[PDB]
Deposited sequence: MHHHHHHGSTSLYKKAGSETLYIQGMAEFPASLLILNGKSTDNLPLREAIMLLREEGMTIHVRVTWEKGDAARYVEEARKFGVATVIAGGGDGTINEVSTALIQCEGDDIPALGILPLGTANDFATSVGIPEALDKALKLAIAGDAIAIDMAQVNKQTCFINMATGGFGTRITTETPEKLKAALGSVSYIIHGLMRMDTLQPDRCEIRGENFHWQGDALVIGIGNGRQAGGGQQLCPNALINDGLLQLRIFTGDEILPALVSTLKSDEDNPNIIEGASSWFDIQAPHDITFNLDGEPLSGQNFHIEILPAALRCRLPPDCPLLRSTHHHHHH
């Protein structure tokens, strides 16, 4: 079936992508390519996708583009809403990796056009911003050892990071104390390979919570985020909602977009969006 590929500003000179798209066009497939320039554009092209009667709107880009498209799709009122497909055309591609999208773009394209579509959750913060992958929160200022800088810059989108007090409540969950990193996940992975929520499933109606207590980012935290480390200094929960509050501003990075304040209500939007996913998809619950 026909698709509309929503491409980023950083994709218009990807020759392999062009080659792949072009090779699939000359196989009988209808594939519209639209390029975004500013926010609001994905929305505009999502609705043009509708007018065409298209079956998949394909986010070609980073976790940001996927979130722009996803957010636009869930806002659609009506009957014939396109499934979400995903091309891994970002720098980090955390969500795409974690849901098993193939690196081979012809394959990823084909998945995105002809895969099975399944309803997945999204999440919303403060009845406003939505996210499909991960919300990471910490206390710091907005943006020697590279392991550590990578976390503060890439994962947290900050220049500084310090622990501070907060309280967090959710179903079966109540905690107060100093936290260095808060991970609230629909997906499992953020900031280029950091495993914030190893146990996340994207269609269980449930957000994973992990609170990393600390002092600073130590080999502890770098270790525990890369591969798997089983660690007592990590507090875990699972809830359809989490409330977070703090005497000083916490900064949440929601699929790459910052938000600050003393109070956050984060809540699952159950089965909000159909996404084209491989059958083995590690983040879908067993059936």
**Report entry** Missing residue ranges, deposited sequence indexing starting at 1
**Finding:** 1 to 29, 173 to 182, 327 to 332
